[PDB]
2 protein chains.
Amino acid sequence: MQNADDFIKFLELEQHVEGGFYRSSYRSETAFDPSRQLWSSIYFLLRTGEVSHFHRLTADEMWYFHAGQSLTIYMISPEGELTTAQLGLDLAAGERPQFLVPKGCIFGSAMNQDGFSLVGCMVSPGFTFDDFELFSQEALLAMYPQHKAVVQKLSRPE
Amino acid sequence: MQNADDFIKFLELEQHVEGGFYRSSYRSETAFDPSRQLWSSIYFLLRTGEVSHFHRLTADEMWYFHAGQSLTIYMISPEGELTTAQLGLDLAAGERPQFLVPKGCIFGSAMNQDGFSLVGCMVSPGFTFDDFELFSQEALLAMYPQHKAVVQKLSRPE
């Protein structure tokens, strides 16, 4: 059997600023802007006490379910609209093994069950941090006050 | 205990000219060239009777692993050099959930055990069929004669 500890170890996953663990698997050798590359891809893991806190990306991000527990991805449009997609293998429910979280929204994510969860993420315009913006729980309760409950599950204070 | 039948059905997978089953998941709404797109992803399944026959792409292709049976990417460099990689979820052996099959190279894949295999494939500059190229067993035994053994599995005559 394989725990979360086995994946972080063998895959060499670093802690992530947004939450969970990660490690750039491959990066294009082609360029988009003489700044960013054509695509970037990582492994992304979530342990029980983990979550990927609300943050926004300047580009589209492809999600590939790799293993473990299924996830619920929470998204808030730039209009306050909250939607959700589930990633995984239980096709009976709205679970899909892939999903595209559209650039411009503020999304988070959590496992639908205790345990561990490993995914694969791919942002086309090569991910840089000037294309990343994490958010304060305050900054998120001010805008979108209607989503107190959820904005507390995917955001820490200050 | 899902099986290949559930996947092909729920994900609506139709035969691929190169073999196996597939269905585009998402394409990138952003353009790369006036011709192709920034990116594209498709699902791709493999059953005990199917293998992905040697073919060549114009762009790189990322491979994600959703579930099923570890595969094996057989690649042949333009200089006639056969390399292999183990896609899958067993970290004990050299299995890795993601793999990058470099463009300009002729490759194919088979499963490792009988069963099924759902896989994620992301080719960067939008996969147009101009960037594709399937090969006959003929040409493959001509060029690269020292690899007949595997050419007789991931290829077919006439």
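Hey, among B:60, B:90, which residue is of a type in the set (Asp, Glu), closer than 26 Å to residue A:11 by Cα and touching an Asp or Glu at 6+ places or on another chain (Cβ under 9 Å)? Spell out the reasoning first.
Working: B:90 fails: touching an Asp or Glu at 6+ places or on another chain (Cβ under 9 Å).
Result: B:60 is the single residue among B:60, B:90 that is of a type in the set (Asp, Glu), closer than 26 Å to residue A:11 by Cα and touching an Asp or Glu at 6+ places or on another chain (Cβ under 9 Å).
Among the residues that make up segment B:13-21, is at least one of them charged (D, E, K, R), outside any strand (DSSP E or B) and over 19 Å from residue B:127 (Cβ atoms)? Show your work before the answer.
First pass over segment B:13-21, keeping only residues charged (D, E, K, R): B:14, B:18.
With outside any strand (DSSP E or B) added as a condition, the list becomes B:18.
If we keep only those that are over 19 Å from residue B:127 (Cβ atoms) as well, we get none.
Scanning segment B:13-21, I find no residue that is charged (D, E, K, R), outside any strand (DSSP E or B) and over 19 Å from residue B:127 (Cβ atoms), so the answer is no.
Which of (1) in contact with a strand residue (DSSP E or B) (Cβ under 7 Å, 6 or more places away or on another chain); (2) polar (S, T, N, Q); (3) touching a residue at least 24 places away in the same chain (Cβ under 8 Å) does residue B:84 not meet, given it meets every other one?
Single failed check for residue B:84: (3).
Going by the structure shown, is residue B:77 over 25 Å from residue A:38 (Cα atoms) and either touching a strand residue (DSSP E or B) at 6+ places or on another chain (Cβ under 6 Å) or surrounded by fewer than 21 Cβ atoms within 10 Å (Cβ to Cβ) (or both)?
Details: over 25 Å from residue A:38 (Cα atoms): no; either touching a strand residue (DSSP E or B) at 6+ places or on another chain (Cβ under 6 Å) or surrounded by fewer than 21 Cβ atoms within 10 Å (Cβ to Cβ) (or both): yes.
It is false that residue B:77 is over 25 Å from residue A:38 (Cα atoms) and either touching a strand residue (DSSP E or B) at 6+ places or on another chain (Cβ under 6 Å) or surrounded by fewer than 21 Cβ atoms within 10 Å (Cβ to Cβ) (or both).
Can you list residue pairs whose Cβ atoms sit under 6 Å apart, with the first residue in segment B:57-71 being more than 24 Å from residue B:131 (Cβ to Cβ) and more than 7 Å from chain A (Cβ to nearest Cβ) and the second being among the hydrophobic types (A, V, I, L, M, F, W, C) and part of a strand (DSSP E or B)? Count only pairs 6 or more apart in sequence or on different chains.
B:68/B:116; B:68/B:118; B:69/B:111
Restricting to segment B:72-89, and then to whatever is of a type in the set (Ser, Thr, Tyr) and outside any loop (DSSP other than H, G, I, E, B), can you tell me which residue is nearest to the other protein chains (Cβ to nearest Cβ)?
Narrowing segment B:72-89 to residues of a type in the set (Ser, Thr, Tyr): B:72, B:74, B:77, B:83-84.
Still in the list and also outside any loop (DSSP other than H, G, I, E, B): B:72, B:74, B:83-84.
Numbers: B:72: 18, B:74: 19, B:83: 15, B:84: 17 Å.
Once the filter is applied, the top-ranked residue is B:83.
Could you name every one of the strands (runs of 3 or more DSSP E) located completely within segment B:90-158 that has at least 3 residues being in contact (Cβ under 8 Å) with a residue 60 or more places away in the chain, surrounded by 19 or more Cβ atoms within 10 Å (Cβ to Cβ) and not small (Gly, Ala, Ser)? Spell out the reasoning first.
Details: elements: B:99-101, B:106-111, B:116-123.
Correct list: B:116-123.
In segment A:22-56, which residues are among the hydroxyl-bearing types (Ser, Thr, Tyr), more than 14 Å from chain B (Cβ to nearest Cβ) and not in a loop (DSSP other than H, G, I, E, B)? Spell out the reasoning first.
Taking segment A:22-56 first, the residues among the hydroxyl-bearing types (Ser, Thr, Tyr) are A:22, A:24-26, A:28, A:30, A:35, A:40-41, A:43, A:48, A:52.
This time we only want the ones that are more than 14 Å from chain B (Cβ to nearest Cβ), so: A:35, A:48, A:52.
Scanning segment A:22-56 gives a single hit, A:52.
Would you tally the residues in segment B:38-68 being surrounded by 19 or more Cβ atoms within 10 Å (Cβ to Cβ) and among the polar types (S, T, N, Q)?
The number of residues fulfilling the criteria is 3.
Is segment A:6-20 home to any residue that is surrounded by fewer than 18 Cβ atoms within 10 Å (Cβ to Cβ), out of contact with any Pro (no Cβ under 9 Å at 6 or more places or on another chain) and within 7 Å of another protein chain (Cβ to nearest Cβ)?
The answer is yes; a qualifying residue exists.
Cβ coordinates were reconstructed from backbone atoms using ideal geometry, including for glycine residues, and neighbour counts include every protein chain displayed. Every number in this text was worked out from the coordinates using simple rules, so none of it is lab data.
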